[PDB]
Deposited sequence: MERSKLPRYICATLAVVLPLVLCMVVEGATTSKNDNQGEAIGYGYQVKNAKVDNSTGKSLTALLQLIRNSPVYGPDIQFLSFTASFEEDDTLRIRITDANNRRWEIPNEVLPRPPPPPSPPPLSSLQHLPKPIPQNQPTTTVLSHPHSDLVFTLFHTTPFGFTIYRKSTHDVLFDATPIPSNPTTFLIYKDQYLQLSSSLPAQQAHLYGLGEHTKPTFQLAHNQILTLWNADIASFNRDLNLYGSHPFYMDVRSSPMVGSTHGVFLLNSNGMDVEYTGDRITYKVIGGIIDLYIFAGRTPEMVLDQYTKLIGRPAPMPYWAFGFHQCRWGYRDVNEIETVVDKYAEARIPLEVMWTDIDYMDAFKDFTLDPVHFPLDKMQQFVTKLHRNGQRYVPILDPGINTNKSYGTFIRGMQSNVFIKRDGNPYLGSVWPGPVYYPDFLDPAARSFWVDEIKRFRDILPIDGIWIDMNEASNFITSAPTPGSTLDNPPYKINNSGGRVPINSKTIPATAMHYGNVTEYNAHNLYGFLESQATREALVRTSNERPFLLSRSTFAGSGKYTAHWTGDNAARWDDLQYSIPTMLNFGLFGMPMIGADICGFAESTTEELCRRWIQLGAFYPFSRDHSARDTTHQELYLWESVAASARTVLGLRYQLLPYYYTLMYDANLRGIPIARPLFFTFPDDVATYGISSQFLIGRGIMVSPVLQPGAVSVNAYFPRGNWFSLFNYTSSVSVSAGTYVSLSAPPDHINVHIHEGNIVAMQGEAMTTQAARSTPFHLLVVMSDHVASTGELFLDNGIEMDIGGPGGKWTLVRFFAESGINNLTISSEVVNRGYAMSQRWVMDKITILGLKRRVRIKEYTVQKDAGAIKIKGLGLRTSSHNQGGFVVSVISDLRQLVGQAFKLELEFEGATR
């Protein structure tokens, strides 16, 4: 058959010293299918922390492709092996995970949790079924685990458009960075994130762990409910298990490994407007002017490939987008506290009168095939691709960006087409098993050759690295170079948005779902994709509001701005062959816009604190319900609702001509952020029909949470100049708590050493006769220097009113309390 598997030749635990396991595996018997088997395997298991188990399987007699440490820094491997069935067990006293190596034929291994004596990863084979074996050929690695089909709820393995957040049973997820529109369901998209979250509904409900395979090669992942299997066409097995035990802790352990999410500037949480096909400077000025007249907040104006001189990077169309007019335009944006972001492609047009091409050829920075720079095909025409694995190409990139930034102020960079995208598929090299692999991954849902519409697998990078191995790293690498370029040309916290991503990208860039469509499906699709990229360590995520491709309708756009105003990254964008869809064009949507974007701007400090938490602990801004309610199994399969932070839930309408929604409400009291009187109270989790007017969206806050809000404004700059309103939602079960992070909105290292930031924590508890509200302040300096003042406190969740020495609403006015000063407020019931 396919493979016969491996036997344990020798296995030992390194005594006394830091406990790790080393083992040598020998091929049982050779098989011709899918290429020759690797004869000897070096197998190690080791704890990187108490809550992280590393399993590394390599060729004992060959250094195989591994993702470079310079690209993704991580602890080095343990030492390798020397030159009833038997078991070798590895465990640590402060670890909840136990690794077991089974000396069967073929061999197996399991990771089980001490806390529940439950198996989390089970690679024990079914002797008669080679689909369950570990197989290790040069271009085919097979790793398989069994799962308790009903108890195991899986999430992740992006990037894919799915109607559901939780992974459906019986499917093949292909991970291979490709220029494929996100309006296509199931197909492999722009990014690859070989990570999944496993939430166990039983025996101990809510029990969570994570599984990451640190491999950049193309792969099919097969999920059949009771089994999951990796089919990888290269590299090694570098497997990481994250103990949990909560969903929160898993993402903490995961991002600790791949990198904490990069902080975002304050202005990034404002609304963005973009469009492919803005004709000239006069049109973008007009769009900004009309957003003002509609009194709809517009923070950042974007320019697509239109601004370039015939689609070449680091140039300006001397006719439609002349330099002096653009300089004026950006100056005026800044004067009104607004920002500007242009787009970049990786391809460099082969124009002999083009400065970027000339310089790129001098530093020898382009990806090569058969000894010559690979000829690509994108917008400007024939292009060469910069090899972002070459440090000289990374210097060249910084140089070009510096040059452009000197003549034209930019507030951020949009990097696109970085799969890399190619419009003309190259012919495969004769006799190459790289351009023609033995196992075909399910690219584009039809076993399409990996070389399709991209750079051939036989192209070479710096250090003799093939495109075959480094393909899923391309967008990741450009994001590093681009962020480097931004940091060295400006002292402010950079902003960048990338299409193609890999595990770890969130440490460098923001992401958007890419090319969605103006269809009701895509509106709903935006939510699982949004929650997935939270797991992937990229909390700054959003979809093109009102849909990129195809023309939108008034009702679709209206319902989309209602939802899209709560994306971490909120932006309107569309193709040029569709109708315009700026929010002012329809009155019903502009009125919706002012409402929803109004609430968002009030929630700016909240969003920013969540961004702070993300960089600090990996915890996503937009998160699944089961993050806050892991003991509620009904929340596991919700794909239509989500949370902003811990206690704010959004429940949008996703179907046309509707005026109501059947949204799920976990146990507790919920209150509308649009009407403090409108509340939802359930003693057990249940669906509830909510009135959803054409201009309204249900956004509720759960009890036990304190949120610091400011005032509405046209810009984020102006919003910070407004007083603070404290929203306190009480609970008869627990003291309410809240958190506010304050900085200048542009410090390079967020919350670092020194004092250009302030952290404030809020606390509230009801007694029989008295209510106490108090804060704690760390690094009081910065907040104090900002004159932030809290003049109002609204109290929800109580059945009795309160005041200074169903449910009711209590308000405390004329407080004038300095945010940067700790306080204890005492109220009395009536």
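*Deposited residues absent from the coordinates (by C-alpha)*: No C-alpha coordinates exist for 1 to 39, 123 to 136, 859 to 884, 910 to 913.
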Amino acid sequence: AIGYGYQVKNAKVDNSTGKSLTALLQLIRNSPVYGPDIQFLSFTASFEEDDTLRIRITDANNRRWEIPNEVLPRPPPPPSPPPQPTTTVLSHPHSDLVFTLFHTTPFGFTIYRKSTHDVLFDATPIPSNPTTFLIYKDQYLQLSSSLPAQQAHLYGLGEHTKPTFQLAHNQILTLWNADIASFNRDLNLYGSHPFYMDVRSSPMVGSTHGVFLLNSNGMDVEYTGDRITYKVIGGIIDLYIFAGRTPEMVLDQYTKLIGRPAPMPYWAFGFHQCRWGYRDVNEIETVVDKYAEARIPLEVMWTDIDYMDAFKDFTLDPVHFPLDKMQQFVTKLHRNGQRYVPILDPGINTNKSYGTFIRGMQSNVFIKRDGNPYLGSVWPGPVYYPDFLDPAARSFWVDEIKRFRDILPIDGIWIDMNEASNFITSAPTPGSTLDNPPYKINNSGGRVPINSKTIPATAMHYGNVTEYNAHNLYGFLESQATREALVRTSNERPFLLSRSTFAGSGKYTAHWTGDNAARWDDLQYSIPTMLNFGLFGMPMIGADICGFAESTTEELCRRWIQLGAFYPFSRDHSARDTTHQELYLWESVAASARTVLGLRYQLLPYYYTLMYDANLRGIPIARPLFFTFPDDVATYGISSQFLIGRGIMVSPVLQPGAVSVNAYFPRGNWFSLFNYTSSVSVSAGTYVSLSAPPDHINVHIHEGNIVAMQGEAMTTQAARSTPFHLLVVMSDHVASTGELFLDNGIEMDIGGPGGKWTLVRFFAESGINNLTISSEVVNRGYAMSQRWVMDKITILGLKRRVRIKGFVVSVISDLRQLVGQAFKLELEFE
From here on, numbers count along this sequence of modelled residues.
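*In at least one third of the other PDB entries compared, is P438 left unmodelled?*
Per the records, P438 is modelled in all the other entries.
*asked:* Compared with other deposited entries of this protein, is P82 missing coordinates in at least a third of those that cover its neighbours?
replied: Looking at the other entries that model residues on either side of it, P82 is missing from at least a third.
*If you average the Cα B factors in the entry, which is higher, 152 to 160 or 324 to 332?*
Stretch with the higher mean C-alpha B-factor: 324 to 332.
*Would 685 to 693 or 371 to 379 have the larger average of its C-alpha temperature factors, as given in the entry?*
Higher mean C-alpha B-factor in the PDB entry: 685 to 693.
*Sort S588, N188, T110, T501 by C-alpha B-factor from the entry and give me just the highest.*
Among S588, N188, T110, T501, the highest C-alpha B-factor in the entry belongs to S588.
*asked:* Looking at the C-alpha B-factor values in the deposited entry, which of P75, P456, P83, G506 comes out highest?
replied: Of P75, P456, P83, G506, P83 has the highest C-alpha B-factor.
*Third of the chain, ranked by Cα B-factor, where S785 sits*: Middle third - that is where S785 ends up once the chain's C-alpha B-factors are sorted.
*Lowest, middle or highest third - CA B-factor, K440*: For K440, whose C-alpha B-factor we compare with every modelled residue in the chain, the answer is the lowest third.
_Based on the deposited C-alpha B factors for this chain, I'd like to know if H580 is in the lowest, middle or highest third._
Ranked within chain, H580 CA B lands in the highest tercile.
*Comparing against every modelled residue in the chain, figure out the third that the C-alpha B-factor of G446 lands in (lowest, middle or highest).*
Tercile = lowest for this residue's CA B-factor.
*asked:* Quick check on the deposited entry: does the C-alpha B-factor of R801 sit in the lowest, middle or highest third of its chain?
replied: Highest third, going by the recorded CA B-factors of the chain.
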